[PDB]
Amino acid sequence: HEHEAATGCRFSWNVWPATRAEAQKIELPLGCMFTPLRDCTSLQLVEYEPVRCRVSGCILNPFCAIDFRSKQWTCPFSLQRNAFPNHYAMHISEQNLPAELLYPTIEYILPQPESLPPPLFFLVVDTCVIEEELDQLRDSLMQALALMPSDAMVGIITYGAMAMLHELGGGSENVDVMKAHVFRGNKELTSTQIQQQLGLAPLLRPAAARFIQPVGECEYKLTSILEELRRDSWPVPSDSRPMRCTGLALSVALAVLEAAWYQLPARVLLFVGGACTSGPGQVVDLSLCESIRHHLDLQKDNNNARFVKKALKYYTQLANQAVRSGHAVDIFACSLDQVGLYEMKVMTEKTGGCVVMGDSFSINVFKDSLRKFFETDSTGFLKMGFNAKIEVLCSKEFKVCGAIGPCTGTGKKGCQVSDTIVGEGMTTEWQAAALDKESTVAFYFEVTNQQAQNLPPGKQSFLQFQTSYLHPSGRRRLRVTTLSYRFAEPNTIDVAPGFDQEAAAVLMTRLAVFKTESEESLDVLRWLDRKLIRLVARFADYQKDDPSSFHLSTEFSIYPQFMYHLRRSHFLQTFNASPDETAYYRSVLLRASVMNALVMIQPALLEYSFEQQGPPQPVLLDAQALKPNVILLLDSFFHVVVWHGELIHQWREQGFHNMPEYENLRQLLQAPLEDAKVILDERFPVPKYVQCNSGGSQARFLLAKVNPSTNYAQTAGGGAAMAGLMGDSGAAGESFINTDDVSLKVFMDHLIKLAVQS
Amino acid sequence: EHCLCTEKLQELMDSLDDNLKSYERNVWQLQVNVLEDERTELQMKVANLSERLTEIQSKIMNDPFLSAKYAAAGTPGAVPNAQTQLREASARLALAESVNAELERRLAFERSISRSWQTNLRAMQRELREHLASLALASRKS
Amino acid sequence: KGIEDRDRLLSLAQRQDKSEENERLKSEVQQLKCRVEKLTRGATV
Amino acid sequence: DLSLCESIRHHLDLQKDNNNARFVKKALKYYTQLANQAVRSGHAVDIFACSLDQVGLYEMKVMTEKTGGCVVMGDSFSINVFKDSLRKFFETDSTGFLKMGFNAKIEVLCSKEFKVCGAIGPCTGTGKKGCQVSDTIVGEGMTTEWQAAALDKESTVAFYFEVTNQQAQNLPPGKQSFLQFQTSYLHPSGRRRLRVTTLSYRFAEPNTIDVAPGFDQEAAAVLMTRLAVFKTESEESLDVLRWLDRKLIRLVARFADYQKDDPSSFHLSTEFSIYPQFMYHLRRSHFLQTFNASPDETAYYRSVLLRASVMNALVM
Amino acid sequence: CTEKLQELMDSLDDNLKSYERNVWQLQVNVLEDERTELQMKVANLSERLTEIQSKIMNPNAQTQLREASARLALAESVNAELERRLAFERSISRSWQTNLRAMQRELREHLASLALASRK
């Protein structure tokens, strides 16, 4: 927790294993959850160039020995000495040291030898939705436009059966004419074909002068296209759904980016609201005749995999094009039916954007997520960087392999990278098209150390992270965070106290999600509970062949509950949800802070008791909390469902609350409203707030995630006698829940029994 | 019963030698150099508390009229006159917070005594367990 | 200890015993014999 | 299990957790996911069980309620209970086509004065949201559209409604509210059908006594019996017995003319004369009493009660 | 294998009956008594100092005595709770030879049953 407060990094093992055999013994992958941008109260922005080691590229860090008599510092990684250049020869005395040597996380504003490009935003706006859906899309776009920064530059493109690329901010000679370059659908023009036809083939050329311009110079031209935004006029053939080329629309947007701004801040914002019907990205036919793909369809490798694979090839081609150019892409998919997240996820995970997943635009999840995307920080600027390159500087002992999360490997193959790639690797640095204040990347490491006598005396095992992002003030930036973990001194056990239960739990979530992308769900589940059972067998106190002597430390005891809920959650089970819902889950899981992703693994069950008169207490997620006299608050990052009982609900009906003896009932009813809106306005994509009550409202969500209390298994345990006719015929009206899930109590029983015999 | 125990009871020799003796040494040192840290931080505060009772002690009662201030004092008589019970409620209060500060550093440095026999002792449960249990697994082979 | 070992062995025996159930069927198979004998009496007519 | 020493489960075995039924858990919830597969595919499951011993009808009732299938429980495959039931399963109408419908889409609309709570019987909701859904749920709610892959001439579905009006001054006098049903089913001839049925009803005056002539005790008894046997699935049957007792006390005291603390002045109207006798036979019927029955036999009565019409429910 | 078990007995009980844990404890006891003696020196040097610093220093009496004795009697609560705390980690450090040599007798007896089995 304090480790996340300082640098934003969270290792699974705070103390590391010694050797390769020690890495096999600890049995879990060493890894961390560095949040790159991560506004904490420890960064200091300074307008001088960083001092760089010629051998390693290391920036002077607080764990550097400074030879004051020779004006030389030593690099802690390469063990080579470097001098202090000129200005740092004086004022290097022991009382006056710079902020490089005092604070671990330091920020360098990169003095250039010019107004750097402010962020760009395309608005790939859909038209083939229902009228009230489109009207509120106009309203949200007007409010988003009012939340543009003054220097920010925008370009509208409204698509449908064919893309209309509207040019902005024309001459004052007309004022009464808007132009739109129309590209017909069902025709996959290449990248260079779009450049030549548009004719675009101090950072704005006259070819793009009809195109992208400041919002401070357009104004009326933006408000015009948003208010003559209307439907498509095509009579569809009988039962056909309105024809839509989403894949063409993204290619036209990305091709404008190519001849225009190459390595400059830009983000395409898709507002898709229906699946692609024709042209590229084909997921279902133009007519509403044959079924769209399902989770069942991917299970039994149906014929609709021809629309899964060949549409994946197109969207990964556009994903790689967006990566090599340097611009991120956003999805605001808000369709009532299936739209195609599992193809369009490869473009948002590689570049890094938003995967907001509304249903119909009036719902709360869309509206505030758009305005939270363009909100400002305490300094008033936009709280998101661009063109971030994150390179690691490992030490001699350990070597990096993977960066599972919102980034993409580039290269620079060398001695810092080892074999056995988990995730995406063969690289030291990771490109990221844009990175906000929520992105978290899982960096995996492995300790080689073939001989146990290679660690330096009291080795702190240095590791330096370097991110080169661009801030929307117009200033290129470089932030370095330098961290150390002492490890594996010969008094045995040290690696295990450094283990913390939540950090490694999210790490195995991201590894399970990447391995479901490659192979099927059965073998990754067999690998996952093998990782659990081999951990529990070594990392517990027991005697062999005696399960009654089982014991777990405070670090080691809550991890099986995250593993039970992880095997219970929708990331590994592709059933019970549509493929777009599962892809929505996996897309935000790879980019999530550890505290918020832990909530998404095991949902919170903040309980609101009447008789307690005080703060909430976290109860166990089970159905021994559905008593009718309480209120419930489930928090699973996607639903903030507030569950009433039948006793509280009928108090609301006949009105105990209105008559003034029940002021405590008013506080019991306003606490769910006020504390939930606190939850909604802090976290990204703002979850669907839904009122609930017992046996009604929309409580089918909460009764789904909540474990059954009176398991039918405990309703078959031996010993029926002498209670058949007693006691005035009534007890409390219990609720019964049926699900495939064995109880948390019995899942620990197989965990203990299998670990003890092994 | 020479049944190839030689290579595997030898690694039980190695595990029992570099861990059973060395852990006992390395924690017997652990408390004695934090209780010699008790010696060093006790005596630093002996230094500043002795000097607070030599110049403040002598300055009162070496210079005429201020030594008359500790001649009248709070007077050695009854009838506390509603000024010298005003006063010494803060005298035992300053005695209270001085011993509160002393017990609270006592508590914090006794955490370093106690937060050392959980982890390393469980290691001695640990690395001798899979050696002994496997000494019944491979023993049931011939 | 043998008292409490086979007070359970006897108690398991009566719940696995259906002594009151196998008399109500011995009456119904006897009246099935009487019914099939009555059917052969009507068959000769 | 296989070994014959262990016996099958019973009502006393279910109420107080015996080890004779260690495998009924993943039994019952296996048949729930087969019924889950059945409704997305639009296939029905009918069960013709015939044995002296129990066939497990308590756990496999869940398909026949979920898709609209029928249950025929007999003691042998040769008694007249089996031969005639299987034979009328294939009986034809006046055109020679089967007297059943498949893949039915029962869809309900309402005026803005009232919504739908839920449905009880051989149907399952689809989650079709809308403005006509009520907060309260009775059974399968959260939709205006239910799947029923099997219906016939006797399949009757409970629909529960709730009035959402807050004040009586918002209604003009003599206001008529309307409701509507559509049934989109395959006919056996191989063609899409759509049966639209519309009813009109009038709201009462603000006085609470004016609804008394409009009461129908015979259909309301089927309503309370069906809601009782649904609530016994999750709650205790004993607690349901207290519920129907106290609802009978409130209904009788509200709709009868009597002097206070004078039992000799009691009188009930014609519309409420036989209704208290209905819950006398309801609390002694096998639907809520588990005595002298098998759980399979109780599952047989509860499955056929959820799909019968008003006259058959009065007979049982 | 019997030669390895026999010198396992010798290498183990040399730890058990070594009066070597004893002497390092006699080292920590002699610095315990003088350190509690120097606790009394902190007591005397501070008790006299807090008296002297109130000799010199210079609402009504029925408010400043209402406070500062409510700042007393929380001293009553904190040396009550912290000393009750103090004996608790005294007792968890009062496990030093209690279970560490219970480990060593567990190894001694478990390897004794293997030794008698090999001798049989």
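All chains are identified by letter, namely A, B, C, D and E, in their written order; residue positions are counted from 1 within each chain.
The rule is simple: a residue touches a chain if its C-beta (ideal position, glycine included) is under 8 Å from a C-beta of that chain, and two chains touch if they have at least 3 such contacts.
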| item | value |
| --- | --- |
| Most widely separated chain from subunit A, with each centre as the mean of CA atoms | C |
| Central chain (by mean CA position) | A |
| Distance between the centres, which are taken as Cα means, of subunit C and subunit A, whole angstrom | 68 |
| Centre distance in Å when subunit C and subunit D are each reduced to the mean of their C-alpha atoms | 38 |
| Subunit B and subunit D, separation of their C-alpha mean positions in angstrom | 74 |
| Interface hub residues of subunit D, defined as touching at least two other chains | none |
| Subunit C, residues touching no fewer than two other chains | none |
| Junction residues of subunit E - those touching two or more other chains | none |
| Graph class of chain-chain contacts, one of line, ring, star, complete, other | line |
| Pairwise chain contacts under the document criterion | A-B, A-D, B-E, C-D |
| Sites on subunit E touched by subunit B in the complex | 1-2, 4-5, 8, 11-12, 15, 21, 24, 27-28, 31-32, 35, 38-39, 41-43, 45-56, 61, 64-65, 68-69, 71-72, 75, 78-79, 82-83, 85-86, 89-90, 92-93, 95-96, 99-100, 103-104, 107, 110, 114, 118 |
| Residue numbers on subunit A that touch subunit B, as the complex places them | 490-494, 496-497, 538, 541, 543-544, 553 |
| In the complex with subunit A, residue positions of subunit B that touch it | 18-19, 22-23, 26, 118-120, 122-123, 125-127, 129-130, 133 |
| Touch list for subunit D against partner subunit A, complex | 9, 12-22, 24-25, 28-29, 32-33, 117, 134-137, 141-142, 231, 233-236, 238-239, 241-243 |
| Of subunit D, residues touching subunit C in the complex | 5-7 |
